[PDB]
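Chains as they are written, first to last, in the UniProt record's numbering: chain P, 2 to 94; chain V, 27 to 44, 46 to 457. The beta-carbon is built from N, C-alpha and C at its ideal position, and this holds for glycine as well. Only one structure is covered here, and it is reproduced in the block below.
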Amino acid sequence: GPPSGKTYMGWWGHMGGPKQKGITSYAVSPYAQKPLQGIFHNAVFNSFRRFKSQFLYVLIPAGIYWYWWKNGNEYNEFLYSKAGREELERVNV
Amino acid sequence: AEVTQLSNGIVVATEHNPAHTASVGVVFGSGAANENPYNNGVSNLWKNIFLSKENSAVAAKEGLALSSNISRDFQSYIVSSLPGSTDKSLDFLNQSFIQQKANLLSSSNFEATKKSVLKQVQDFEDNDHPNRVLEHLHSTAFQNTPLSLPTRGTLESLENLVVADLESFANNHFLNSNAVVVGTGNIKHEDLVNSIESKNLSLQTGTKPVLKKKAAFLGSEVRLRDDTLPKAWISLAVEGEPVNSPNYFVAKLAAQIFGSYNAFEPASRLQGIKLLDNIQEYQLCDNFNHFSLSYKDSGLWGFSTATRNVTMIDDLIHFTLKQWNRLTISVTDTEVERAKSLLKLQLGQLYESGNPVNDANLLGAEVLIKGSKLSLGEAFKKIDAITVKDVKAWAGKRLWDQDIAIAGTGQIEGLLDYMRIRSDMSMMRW
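The following block contains the structure:
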């Protein structure tokens, strides 16, 4: 096979990153670990805090939008009822 | 054969075989495994004062040679001499372990000794990668347990150590009950036992050393990745068998099956090892060696290796582990036979060496645990007994689908995750 263009990701042994030195990682076999606890006592009061920060970024836009819809939605309802058959005939055509 | 052992006030053991010189030395049943994270490297620190220039000249004039050894399970201080000067030795051993237990530790010598091992250990961690990786293999395989302490001791706990620590250790460990004086070379048994019983006394008799907590294995890994290194050294093992174990030899024979290999030495590539077919097609590594490290509490069975083929490490491990799988399901008869012949061979060259300082370290360590040395002839009897069936049972307990310890340094980006390697410990079945 022929060569190919230079990508920004190789493969095991030459992944294309910076030379690493001084970093030492340690890990233990999943077999020597407690039969999957974590949640409740350690990672139960840690969760949801990961949507306490973000919450305002979603909520406000969702707020602004739900209000806008609900609001103009009520105006439709009014316009197409006796109470607004006059307002309607005005703002229609 | 020989090997004789007698008590007194202390316990003595000798093995004489008329050769050249003869060495006598005190071997203590405590070592690296009896240290703490913060006092670690104290024994390696004693080893260097005993071998200090100050003490070395005192024995050199007298015509003696000093040899010290620091291990996990034990410690040893040995003095070599001519066959006749067998008394010149004991008068030095005793002078340094009784009279000079106030000298030597004198500043100007301790500071000189300490600055020298602090460099000695700094050289080791910067250069001797294979042994460093192995040291870390113990470090993680037995982490937070006695066996996890590196013999040379850490570089930090070392520079915090002062004379007091040396003394405290000596007073707590160098004791009558936790010691064995040995004599190998050509010196007779009755010559030593009496020369020792000449000057009576005890020196801290009736005193026992502080005990601890039994060493244990843990499936884990430590990856000291260094991309600036030209190779990738890696060691990998499982929980082995401790000395004085039913399978002490069965386990040692299994390692001999896969043995050792040097890709550059023509004869090595011709060996009768099935694995060598898989590893030579794309030259997966420069070398590798299988071992069966045994100790008092536990052990490590696995292999070490160095490789320049950094992009195919995953296959080195793959093939190597697929072979280990064979010991549980398909190890052939001739594979076992070949192992015996080669086990006996390398086992013999170990015991039958032309250097008593080796023989001493072998006699001491054994009698310091089982209280007697197993005759080489007795070993061969056990080795030849071992059947294919034996190897499989051992592999079924020790090797098949068991946790593992991994350690590596250099370009190890290609060494896949723990779980990937761990998986290869077995094979699919119906």
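Which listed residue (the options) has its alpha carbon closest to that of residue i
i: residue 24 of chain P; options: V:306, V:437 and V:32; result: V:437
i: residue 26 of chain P; options: V:449, V:455, V:391 and V:433; result: V:433
i: residue 455 of chain V; options: V:353, V:408 and V:374; result: V:353
i: residue 439 of chain V; options: P:4, P:2, P:7 and P:20; result: P:20
i: residue 193 of chain V; options: V:249, V:209, V:129 and V:31; result: V:129
i: residue 166 of chain V; options: P:28, P:12, P:17 and P:9; result: P:28
i: residue 207 of chain V; options: V:414, V:408 and V:399; result: V:399
i: residue 328 of chain V; options: V:429, V:392, V:402 and V:389; result: V:429
Interface flag, residue i vs chain P, CB-CB below 8 Å
i: residue 247 of chain V; result: yes
i: residue 309 of chain V; result: no
i: residue 435 of chain V; result: no
i: residue 337 of chain V; result: yes
i: residue 183 of chain V; result: no
i: residue 251 of chain V; result: yes
i: residue 440 of chain V; result: yes
Residue-level contact to chain V via CB, residue i, 8 Å cutoff
i: residue 25 of chain P; result: yes
i: residue 31 of chain P; result: yes
i: residue 16 of chain P; result: yes
i: residue 22 of chain P; result: yes
i: residue 67 of chain P; result: no
Terminal residues of the alpha helix (DSSP H) in which residue i lies
i: residue 420 of chain V; result: 415 to 425
i: residue 437 of chain V; result: Unbroken run through residue 437 of chain V is the beta strand (DSSP E), 432 to 437; no alpha helix (DSSP H).
i: residue 445 of chain V; result: 445 to 450
i: residue 69 of chain P; result: 56 to 80
i: residue 351 of chain V; result: 340 to 356
i: residue 76 of chain V; result: 70 to 77
i: residue 118 of chain V; result: 113 to 123
i: residue 157 of chain V; result: 156 to 168
i: residue 192 of chain V; result: 190 to 200
Span of the beta strand (DSSP E) around residue i
i: residue 334 of chain V; result: 326 to 334
i: residue 211 of chain V; result: 206 to 212
i: residue 42 of chain V; result: 38 to 42
i: residue 289 of chain V; result: 287 to 289
i: residue 317 of chain V; result: 314 to 321
Three-state secondary structure assigned by DSSP to residue i
i: residue 393 of chain V; result: helix
i: residue 30 of chain V; result: strand
i: residue 380 of chain V; result: coil
i: residue 89 of chain V; result: coil
i: residue 274 of chain V; result: coil
i: residue 264 of chain V; result: strand
i: residue 66 of chain V; result: coil
i: residue 410 of chain V; result: helix
i: residue 97 of chain V; result: strand
i: residue 259 of chain V; result: strand
i: residue 402 of chain V; result: coil
i: residue 544 of chain V; result: This structure gives no information on residue 544 of chain V, because the portion of chain V shown stretches from 27 to 457.
i: residue 284 of chain V; result: helix
i: residue 137 of chain V; result: helix
Those residues which DSSP pairs with residue i across a bridge
i: residue 28 of chain P; result: V:248
i: residue 50 of chain V; result: V:107 and V:211
i: residue 362 of chain V; result: Paired residue(s): none; residue 362 of chain V is not in a bridge.
i: residue 49 of chain P; result: In the DSSP output, where bridge partners are listed per residue, residue 49 of chain P has none listed.
i: residue 307 of chain V; result: According to DSSP, which records beta bridges pairwise, residue 307 of chain V is partnered with nothing at all.
i: residue 55 of chain V; result: V:102 and V:206
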